[PDB]
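Undergrad: Structure file work20.txt (compact mmCIF, C-alpha atoms and all ligand atoms) right here:
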```txt
# COMPACT_ATOMS: atom_id res chain seq x y z
CA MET A 1 201.05 97.23 49.99
CA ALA A 2 200.79 100.04 47.37
CA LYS A 3 199.52 103.64 47.28
CA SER A 4 198.76 106.38 44.79
CA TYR A 5 198.47 109.69 46.66
CA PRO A 6 196.22 112.50 45.43
CA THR A 7 197.85 115.81 44.72
CA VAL A 8 195.68 118.18 46.72
CA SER A 9 195.05 121.79 45.84
CA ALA A 10 197.47 124.53 46.82
CA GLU A 11 194.78 125.87 49.13
CA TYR A 12 194.31 122.51 50.84
CA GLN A 13 198.08 122.05 51.24
CA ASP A 14 198.19 125.52 52.78
CA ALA A 15 195.34 124.62 55.11
CA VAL A 16 197.15 121.43 56.14
CA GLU A 17 200.30 123.37 56.99
CA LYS A 18 198.36 126.02 58.84
CA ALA A 19 196.46 123.39 60.77
CA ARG A 20 199.70 121.57 61.62
CA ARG A 21 201.01 124.71 63.31
CA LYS A 22 197.77 125.26 65.16
CA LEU A 23 197.80 121.63 66.36
CA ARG A 24 201.34 122.11 67.62
CA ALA A 25 200.29 125.05 69.73
CA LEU A 26 197.02 123.51 70.91
CA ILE A 27 198.68 120.23 71.86
CA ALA A 28 201.85 121.58 73.46
CA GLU A 29 199.74 124.02 75.49
CA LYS A 30 197.06 121.63 76.83
CA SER A 31 199.44 118.61 77.18
CA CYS A 32 196.92 116.28 75.51
CA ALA A 33 199.15 114.65 72.91
CA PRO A 34 198.23 111.13 74.20
CA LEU A 35 194.50 111.54 73.73
CA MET A 36 195.17 113.04 70.30
CA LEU A 37 197.15 109.95 69.32
CA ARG A 38 194.29 107.81 70.67
CA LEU A 39 191.83 109.68 68.44
CA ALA A 40 193.97 109.11 65.34
CA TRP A 41 194.52 105.48 66.30
CA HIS A 42 190.88 104.76 67.05
CA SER A 43 189.79 106.62 63.89
CA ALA A 44 191.98 104.31 61.80
CA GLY A 45 191.92 100.95 63.59
CA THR A 46 188.34 100.19 62.48
CA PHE A 47 189.41 99.43 58.90
CA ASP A 48 188.52 95.96 57.57
CA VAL A 49 190.47 95.02 54.47
CA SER A 50 187.97 92.45 53.16
CA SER A 51 184.94 94.74 53.44
CA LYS A 52 186.81 98.00 52.67
CA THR A 53 184.79 99.78 55.37
CA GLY A 54 185.88 101.86 58.36
CA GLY A 55 189.27 103.46 58.87
CA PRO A 56 190.59 107.00 58.99
CA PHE A 57 187.73 108.74 57.20
CA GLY A 58 186.44 111.28 59.69
CA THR A 59 183.71 109.02 61.04
CA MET A 60 184.90 109.63 64.59
CA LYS A 61 183.01 112.94 64.16
CA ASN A 62 179.61 111.18 63.99
CA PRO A 63 178.54 111.14 67.68
CA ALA A 64 177.51 107.51 67.00
CA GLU A 65 181.13 106.29 66.69
CA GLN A 66 182.02 108.40 69.73
CA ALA A 67 179.36 106.35 71.56
CA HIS A 68 181.07 103.05 70.79
CA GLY A 69 182.18 101.58 74.10
CA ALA A 70 185.84 101.34 73.08
CA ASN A 71 185.77 105.09 72.29
CA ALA A 72 184.84 106.57 75.67
CA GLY A 73 186.52 109.98 75.90
CA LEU A 74 187.26 110.53 72.21
CA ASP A 75 184.36 113.01 72.26
CA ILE A 76 186.71 115.24 74.29
CA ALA A 77 189.35 115.01 71.58
CA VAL A 78 186.75 115.63 68.86
CA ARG A 79 185.52 118.78 70.62
CA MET A 80 189.06 119.89 71.33
CA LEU A 81 189.91 119.75 67.61
CA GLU A 82 186.77 121.46 66.30
CA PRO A 83 188.22 124.98 66.61
CA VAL A 84 190.92 123.72 64.26
CA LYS A 85 188.21 122.73 61.78
CA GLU A 86 186.41 126.05 62.34
CA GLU A 87 189.46 127.93 61.08
CA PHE A 88 190.33 125.58 58.17
CA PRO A 89 186.95 124.13 57.16
CA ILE A 90 188.21 122.92 53.82
CA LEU A 91 190.10 120.22 55.75
CA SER A 92 188.34 116.92 56.08
CA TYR A 93 187.85 115.49 59.54
CA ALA A 94 189.58 112.40 58.19
CA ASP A 95 192.78 114.34 57.45
CA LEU A 96 192.45 116.52 60.56
CA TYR A 97 192.35 113.58 62.98
CA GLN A 98 195.33 111.79 61.43
CA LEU A 99 197.34 115.02 61.31
CA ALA A 100 196.66 115.36 65.04
CA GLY A 101 198.10 111.89 65.63
CA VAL A 102 201.19 112.85 63.64
CA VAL A 103 201.55 116.13 65.49
CA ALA A 104 200.99 114.44 68.87
CA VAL A 105 203.88 112.08 68.15
CA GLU A 106 206.17 114.86 66.97
CA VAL A 107 205.51 117.29 69.80
CA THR A 108 206.17 114.66 72.45
CA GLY A 109 209.64 113.99 70.96
CA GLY A 110 208.83 111.10 68.65
CA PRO A 111 209.64 110.34 65.03
CA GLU A 112 208.50 112.25 61.93
CA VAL A 113 205.52 110.30 60.58
CA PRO A 114 204.97 111.47 56.97
CA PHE A 115 201.58 112.91 56.16
CA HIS A 116 199.79 112.57 52.82
CA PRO A 117 196.50 114.53 52.82
CA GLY A 118 193.37 113.94 50.78
CA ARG A 119 191.15 111.67 52.89
CA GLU A 120 187.46 112.17 52.30
CA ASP A 121 184.90 112.15 55.08
CA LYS A 122 182.78 109.13 54.48
CA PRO A 123 179.17 109.14 55.70
CA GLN A 124 178.79 105.62 57.19
CA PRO A 125 180.86 104.87 60.35
CA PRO A 126 182.06 101.28 60.64
CA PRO A 127 180.28 98.80 62.94
CA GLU A 128 181.25 98.85 66.61
CA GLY A 129 183.58 96.16 67.95
CA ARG A 130 186.39 96.20 65.37
CA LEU A 131 189.06 97.67 67.65
CA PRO A 132 191.07 95.32 69.89
CA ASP A 133 189.94 93.99 73.28
CA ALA A 134 192.39 94.98 76.02
CA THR A 135 191.65 91.79 78.01
CA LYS A 136 192.45 89.48 75.07
CA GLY A 137 195.68 87.97 73.81
CA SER A 138 198.21 87.47 71.05
CA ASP A 139 195.83 85.84 68.59
CA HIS A 140 193.29 88.61 68.98
CA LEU A 141 195.97 91.16 68.07
CA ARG A 142 196.54 89.28 64.82
CA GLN A 143 192.81 89.18 64.16
CA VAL A 144 192.42 92.95 64.61
CA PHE A 145 195.74 94.27 63.28
CA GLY A 146 196.47 91.36 60.96
CA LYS A 147 193.35 89.92 59.40
CA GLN A 148 191.16 93.04 59.57
CA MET A 149 193.64 95.91 59.38
CA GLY A 150 196.26 94.27 57.19
CA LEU A 151 199.22 95.34 59.34
CA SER A 152 202.13 93.06 60.21
CA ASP A 153 203.53 91.55 63.39
CA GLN A 154 206.22 94.24 63.43
CA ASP A 155 203.49 96.86 63.15
CA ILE A 156 201.81 95.38 66.21
CA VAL A 157 204.77 95.60 68.53
CA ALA A 158 205.89 98.97 67.23
CA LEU A 159 202.41 100.48 67.38
CA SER A 160 201.76 99.05 70.86
CA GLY A 161 204.58 101.47 71.73
CA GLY A 162 202.06 104.32 71.44
CA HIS A 163 201.29 103.54 75.08
CA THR A 164 204.56 105.29 75.90
CA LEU A 165 202.12 108.26 75.93
CA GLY A 166 199.27 108.87 78.28
CA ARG A 167 197.35 106.66 80.69
CA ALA A 168 194.08 104.85 81.26
CA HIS A 169 191.17 106.47 83.12
CA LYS A 170 188.64 104.55 85.21
CA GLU A 171 185.66 106.39 83.72
CA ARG A 172 186.69 105.58 80.12
CA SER A 173 188.06 102.03 79.94
CA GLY A 174 188.06 100.76 83.51
CA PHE A 175 191.85 100.49 83.85
CA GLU A 176 193.85 103.29 85.48
CA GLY A 177 197.29 104.89 85.39
CA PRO A 178 200.11 105.22 82.85
CA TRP A 179 202.33 102.57 81.26
CA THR A 180 205.50 104.67 81.72
CA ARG A 181 207.06 107.13 84.16
CA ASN A 182 207.10 109.94 81.55
CA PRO A 183 203.68 109.87 79.86
CA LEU A 184 204.31 113.06 77.80
CA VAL A 185 207.54 111.80 76.17
CA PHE A 186 207.61 109.55 73.12
CA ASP A 187 210.42 107.09 73.77
CA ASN A 188 210.89 103.33 74.05
CA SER A 189 210.19 103.25 77.80
CA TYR A 190 207.00 101.28 77.24
CA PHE A 191 208.86 98.15 76.14
CA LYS A 192 211.32 98.62 78.99
CA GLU A 193 208.48 98.67 81.54
CA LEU A 194 206.94 95.53 79.99
CA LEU A 195 210.14 93.41 80.15
CA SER A 196 210.62 94.70 83.73
CA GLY A 197 207.38 93.03 84.86
CA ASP A 198 204.51 94.45 86.84
CA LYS A 199 205.26 97.22 89.34
CA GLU A 200 203.30 99.68 91.48
CA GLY A 201 201.77 102.73 89.85
CA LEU A 202 202.26 101.56 86.25
CA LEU A 203 199.69 99.90 84.04
CA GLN A 204 200.02 96.78 81.92
CA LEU A 205 197.01 95.52 80.03
CA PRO A 206 196.79 91.85 79.06
CA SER A 207 197.20 92.95 75.44
CA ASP A 208 200.48 94.52 76.51
CA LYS A 209 201.54 91.28 78.22
CA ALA A 210 200.67 89.34 75.07
CA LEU A 211 203.78 90.72 73.35
CA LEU A 212 206.12 89.08 75.87
CA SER A 213 204.64 85.60 75.50
CA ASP A 214 205.04 85.19 71.75
CA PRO A 215 208.16 84.17 69.78
CA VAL A 216 207.64 86.85 67.13
CA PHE A 217 206.42 89.64 69.42
CA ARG A 218 208.94 88.98 72.17
CA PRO A 219 212.25 89.72 70.36
CA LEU A 220 210.75 92.78 68.67
CA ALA A 221 209.91 94.17 72.10
CA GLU A 222 213.44 93.31 73.25
CA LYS A 223 214.87 95.07 70.21
CA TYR A 224 212.81 98.21 70.83
CA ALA A 225 213.71 98.16 74.50
CA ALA A 226 217.40 98.15 73.55
CA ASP A 227 217.39 100.31 70.40
CA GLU A 228 215.26 103.45 70.26
CA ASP A 229 216.20 104.22 66.64
CA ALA A 230 214.99 100.75 65.68
CA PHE A 231 211.78 101.50 67.56
CA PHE A 232 211.38 105.01 66.10
CA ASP A 233 211.95 103.67 62.60
CA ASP A 234 209.47 100.80 62.81
CA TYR A 235 206.95 102.97 64.67
CA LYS A 236 207.11 105.63 61.93
CA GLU A 237 206.49 102.96 59.31
CA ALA A 238 203.54 101.41 61.20
CA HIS A 239 201.98 104.68 62.24
CA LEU A 240 201.99 105.74 58.56
CA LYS A 241 200.42 102.50 57.36
CA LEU A 242 197.83 102.83 60.12
CA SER A 243 197.00 106.43 59.16
CA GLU A 244 196.24 105.54 55.55
CA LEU A 245 194.28 102.28 55.91
CA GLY A 246 191.97 102.11 52.90
CA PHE A 247 193.11 105.57 51.76
CA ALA A 248 194.61 106.14 48.30
CA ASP A 249 195.21 102.49 47.49
CA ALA A 250 196.50 100.97 44.26
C1 LIG B 301 195.73 95.88 71.13
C2 LIG B 301 195.99 97.17 70.92
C3 LIG B 301 195.49 98.26 71.92
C4 LIG B 301 194.71 98.16 73.02
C5 LIG B 301 194.02 96.90 73.63
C6 LIG B 301 194.59 99.48 73.57
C7 LIG B 301 193.88 99.81 74.69
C8 LIG B 301 193.96 101.01 75.37
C9 LIG B 301 193.30 101.35 76.61
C10 LIG B 301 192.36 100.41 77.40
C11 LIG B 301 193.64 102.60 76.93
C12 LIG B 301 193.17 103.39 78.18
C13 LIG B 301 191.95 104.22 77.77
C14 LIG B 301 191.49 105.11 78.89
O1 LIG B 301 190.77 104.64 79.82
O2 LIG B 301 191.83 106.32 78.86
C15 LIG B 301 194.52 103.10 75.91
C16 LIG B 301 195.10 104.33 75.89
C17 LIG B 301 195.89 104.83 74.90
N1 LIG B 301 196.19 104.16 73.72
FE1 LIG B 301 195.95 102.07 73.35
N2 LIG B 301 195.32 100.33 72.79
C18 LIG B 301 195.89 99.62 71.77
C19 LIG B 301 196.69 100.09 70.75
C20 LIG B 301 197.12 101.37 70.62
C21 LIG B 301 197.82 101.97 69.52
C22 LIG B 301 198.18 101.18 68.25
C23 LIG B 301 198.04 103.26 69.81
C24 LIG B 301 198.76 104.37 68.99
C25 LIG B 301 199.45 104.09 67.89
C26 LIG B 301 197.50 103.51 71.12
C27 LIG B 301 197.54 104.72 71.76
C28 LIG B 301 197.02 105.02 73.00
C29 LIG B 301 197.23 106.23 73.79
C30 LIG B 301 198.10 107.43 73.39
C31 LIG B 301 196.56 106.13 74.91
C32 LIG B 301 196.51 107.17 76.06
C33 LIG B 301 195.27 108.06 76.02
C34 LIG B 301 195.25 109.06 77.15
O3 LIG B 301 196.31 109.26 77.78
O4 LIG B 301 194.17 109.65 77.39
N3 LIG B 301 196.94 102.33 71.58
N4 LIG B 301 194.71 102.11 74.98
NA NA B 302 206.91 107.80 77.78
```
Please express the file's structure as structure tokens.
Ligand code: HEM
Ligand code: NA

TA:
Amino acid sequence: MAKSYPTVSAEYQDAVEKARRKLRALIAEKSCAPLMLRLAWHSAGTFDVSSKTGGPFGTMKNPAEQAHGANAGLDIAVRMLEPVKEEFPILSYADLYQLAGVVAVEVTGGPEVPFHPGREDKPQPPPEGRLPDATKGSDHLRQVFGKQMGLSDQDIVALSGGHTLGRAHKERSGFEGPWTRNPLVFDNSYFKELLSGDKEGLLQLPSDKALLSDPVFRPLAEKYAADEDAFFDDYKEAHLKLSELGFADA
């Protein structure tokens, strides 16, 4: 609910901007924005507010966190981004993975998520099992996002909009296919596909369905389905809170 951002060195700021450009060109070229967003998201979602452990602090680099079940396939993102670290080694992995999320969203047409650099790489990855269970429901979402992460009900619907990008893969999570007809375009189509019900060739996890069966989550999804500026605004807000969990507080 309050931040005090470090002023990083001119050289770090220059690294960040150089990296941002390189991420644009890497991402746009290899069309892997969605997996990049997933890396940022999974790097940050592990934060627990009561224990002040986990969160966007580079730990996704430790091949132990890449071995967490929930994280199958992030090792591809981590290897894809290493050249970027090779050229700007002063950057932390913490910063580099969140900047990739931000750049993913912006390249695919989505809102401008501000970026405040300065995350340190911590040494101890969080414990496995903090991220949300795709087969679970509305109250689980509040346990993960709400009680552990400290985000709000609005953050949950808006953020669940990240599934406007990309798809599931059988070898990673078990589920298969995309949520939307245009998986390389950041728009509000995800909430439109939800409210439309199940259909062939499009995925819907039970955690997706949870948003339609809840009096708070339901109208938010309706709003975002109808109003893409509303969605882009709230998403921008939530993505930014997500990207700084435990970072630069007070
Ligand atoms: C309850 C919350 C969530 C659940 C249960 C969940 C679960 C999943 C699952 C099972 C996949 C498919 C993985 C695979 O086999 O490739 C996936 C993909 C993805 N998730 Fe979520 N996720 C959640 C929240 C989020 C959030 C908050 C974001 C971003 C802000 C996000 C971004 C993505 C993206 C971009 C992909 C596509 C990856 C690709 O195309 O390779 N997810 N998610
Ligand atoms: Na889309």

Undergrad: Mind listing the residues within 8 Å of ligand NA 302 (chain B), only C-alpha atoms and all ligand atoms counted, as a list in words?

TA: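 Those residues are residues 163, 164, 165, 166, 179, 180, 181, 182, 183, 184, 185, 186, 187, 188, 189 and 190 of chain A.
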
Undergrad: Could you tell me, counting only C-alpha atoms and all ligand atoms, which protein and nucleic acid residues lie no more than 7 Å from ligand LIG 301 (chain B), written as a PyMOL selection string?

TA: chain A and resi 34-35+37-38+41+132-134+141+159-163+165-176+207+239

Undergrad: Any idea what the distance is between atom CA of residue A:28 and atom CA of residue A:107?

TA: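 For atom CA of residue A:28 relative to atom CA of residue A:107, the distance reads 6.7 Å.
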
Undergrad: To one decimal place, how far is atom CA of residue A:227 from atom CA of residue A:142 in Å?

TA: 24.2 Å

Undergrad: Residue A:39: which residues within 7 Å, counting all atoms listed in the file, same-chain residues fewer than 6 positions away excluded, as number ranges by chain?

TA: A: 74, 77, 97

Undergrad: Would you work out the distance separating atom CA of residue A:212 from atom CA of residue A:191, expressed in Å to one decimal?

TA: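 Separation of atom CA of residue A:212 and atom CA of residue A:191: 9.5 Å.
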
Undergrad: So, with all atoms listed in the file as the atoms that count, which of A:99, A:131, A:81, A:104 lies closest to residue A:119?

TA: A:99

Undergrad: Neighbouring residues of residue A:117 were defined as those with any atom within 12 Å, considering all atoms listed in the file; residues of the same chain fewer than 5 positions away were excluded. Please report them as a ChimeraX atom specification.

TA: /A:4-10,12-17,19-20,56-57,90-99,102,240,243-244,247-248

Undergrad: Missing atoms in stretch 34-53 of chain A: fill them in up to N, CA, C and O atoms and send the result as a PDB file, keeping the file's coordinate frame.

TA:
```pdb
ATOM      1  N   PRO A  34     198.591 112.565  74.188  1.00  0.00           N
ATOM      2  CA  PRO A  34     198.230 111.130  74.200  1.00  0.00           C
ATOM      3  C   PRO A  34     196.827 110.881  73.699  1.00  0.00           C
ATOM      4  O   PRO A  34     196.588 109.970  72.879  1.00  0.00           O
ATOM      5  N   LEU A  35     195.876 111.680  74.184  1.00  0.00           N
ATOM      6  CA  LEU A  35     194.500 111.540  73.730  1.00  0.00           C
ATOM      7  C   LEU A  35     194.373 111.841  72.250  1.00  0.00           C
ATOM      8  O   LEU A  35     193.533 111.247  71.558  1.00  0.00           O
ATOM      9  N   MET A  36     195.196 112.756  71.737  1.00  0.00           N
ATOM     10  CA  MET A  36     195.170 113.040  70.300  1.00  0.00           C
ATOM     11  C   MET A  36     195.630 111.814  69.511  1.00  0.00           C
ATOM     12  O   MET A  36     195.023 111.442  68.494  1.00  0.00           O
ATOM     13  N   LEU A  37     196.711 111.174  69.972  1.00  0.00           N
ATOM     14  CA  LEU A  37     197.150 109.950  69.320  1.00  0.00           C
ATOM     15  C   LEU A  37     196.042 108.908  69.385  1.00  0.00           C
ATOM     16  O   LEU A  37     195.759 108.245  68.379  1.00  0.00           O
ATOM     17  N   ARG A  38     195.359 108.801  70.539  1.00  0.00           N
ATOM     18  CA  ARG A  38     194.290 107.810  70.670  1.00  0.00           C
ATOM     19  C   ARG A  38     193.177 108.063  69.669  1.00  0.00           C
ATOM     20  O   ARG A  38     192.645 107.119  69.069  1.00  0.00           O
ATOM     21  N   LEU A  39     192.843 109.339  69.438  1.00  0.00           N
ATOM     22  CA  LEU A  39     191.830 109.680  68.440  1.00  0.00           C
ATOM     23  C   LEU A  39     192.249 109.212  67.054  1.00  0.00           C
ATOM     24  O   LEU A  39     191.505 108.482  66.379  1.00  0.00           O
ATOM     25  N   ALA A  40     193.440 109.617  66.611  1.00  0.00           N
ATOM     26  CA  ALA A  40     193.970 109.110  65.340  1.00  0.00           C
ATOM     27  C   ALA A  40     193.914 107.592  65.302  1.00  0.00           C
ATOM     28  O   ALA A  40     193.328 107.001  64.393  1.00  0.00           O
ATOM     29  N   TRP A  41     194.496 106.941  66.299  1.00  0.00           N
ATOM     30  CA  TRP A  41     194.520 105.480  66.300  1.00  0.00           C
ATOM     31  C   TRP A  41     193.110 104.907  66.216  1.00  0.00           C
ATOM     32  O   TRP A  41     192.813 104.080  65.347  1.00  0.00           O
ATOM     33  N   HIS A  42     192.206 105.360  67.079  1.00  0.00           N
ATOM     34  CA  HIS A  42     190.880 104.760  67.050  1.00  0.00           C
ATOM     35  C   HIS A  42     190.135 105.097  65.757  1.00  0.00           C
ATOM     36  O   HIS A  42     189.315 104.296  65.293  1.00  0.00           O
ATOM     37  N   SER A  43     190.407 106.265  65.165  1.00  0.00           N
ATOM     38  CA  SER A  43     189.790 106.620  63.890  1.00  0.00           C
ATOM     39  C   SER A  43     190.230 105.708  62.762  1.00  0.00           C
ATOM     40  O   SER A  43     189.502 105.551  61.776  1.00  0.00           O
ATOM     41  N   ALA A  44     191.409 105.107  62.878  1.00  0.00           N
ATOM     42  CA  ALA A  44     191.980 104.310  61.800  1.00  0.00           C
ATOM     43  C   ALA A  44     191.864 102.810  62.034  1.00  0.00           C
ATOM     44  O   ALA A  44     191.782 102.046  61.062  1.00  0.00           O
ATOM     45  N   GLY A  45     191.883 102.370  63.291  1.00  0.00           N
ATOM     46  CA  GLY A  45     191.920 100.950  63.590  1.00  0.00           C
ATOM     47  C   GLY A  45     190.685 100.174  63.163  1.00  0.00           C
ATOM     48  O   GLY A  45     190.737  98.940  63.135  1.00  0.00           O
ATOM     49  N   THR A  46     189.585 100.860  62.839  1.00  0.00           N
ATOM     50  CA  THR A  46     188.340 100.190  62.480  1.00  0.00           C
ATOM     51  C   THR A  46     188.337  99.644  61.058  1.00  0.00           C
ATOM     52  O   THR A  46     187.343  99.034  60.648  1.00  0.00           O
ATOM     53  N   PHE A  47     189.416  99.818  60.301  1.00  0.00           N
ATOM     54  CA  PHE A  47     189.410  99.430  58.900  1.00  0.00           C
ATOM     55  C   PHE A  47     189.422  97.912  58.757  1.00  0.00           C
ATOM     56  O   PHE A  47     190.212  97.225  59.417  1.00  0.00           O
ATOM     57  N   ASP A  48     188.546  97.384  57.896  1.00  0.00           N
ATOM     58  CA  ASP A  48     188.520  95.960  57.570  1.00  0.00           C
ATOM     59  C   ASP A  48     188.840  95.806  56.097  1.00  0.00           C
ATOM     60  O   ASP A  48     188.113  96.327  55.242  1.00  0.00           O
ATOM     61  N   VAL A  49     189.924  95.077  55.812  1.00  0.00           N
ATOM     62  CA  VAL A  49     190.470  95.020  54.470  1.00  0.00           C
ATOM     63  C   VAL A  49     189.550  94.243  53.528  1.00  0.00           C
ATOM     64  O   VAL A  49     189.452  94.569  52.335  1.00  0.00           O
ATOM     65  N   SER A  50     188.843  93.228  54.038  1.00  0.00           N
ATOM     66  CA  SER A  50     187.970  92.450  53.160  1.00  0.00           C
ATOM     67  C   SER A  50     186.713  93.231  52.791  1.00  0.00           C
ATOM     68  O   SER A  50     186.256  93.175  51.644  1.00  0.00           O
ATOM     69  N   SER A  51     186.145  93.975  53.736  1.00  0.00           N
ATOM     70  CA  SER A  51     184.940  94.740  53.440  1.00  0.00           C
ATOM     71  C   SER A  51     185.219  96.165  52.974  1.00  0.00           C
ATOM     72  O   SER A  51     184.308  96.820  52.451  1.00  0.00           O
ATOM     73  N   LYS A  52     186.450  96.658  53.132  1.00  0.00           N
ATOM     74  CA  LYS A  52     186.810  98.000  52.670  1.00  0.00           C
ATOM     75  C   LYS A  52     185.940  99.067  53.323  1.00  0.00           C
ATOM     76  O   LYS A  52     185.595 100.073  52.702  1.00  0.00           O
ATOM     77  N   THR A  53     185.572  98.841  54.581  1.00  0.00           N
ATOM     78  CA  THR A  53     184.790  99.780  55.370  1.00  0.00           C
ATOM     79  C   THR A  53     185.585 100.216  56.599  1.00  0.00           C
ATOM     80  O   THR A  53     186.565  99.577  56.993  1.00  0.00           O
TER      81      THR A  53
END
```
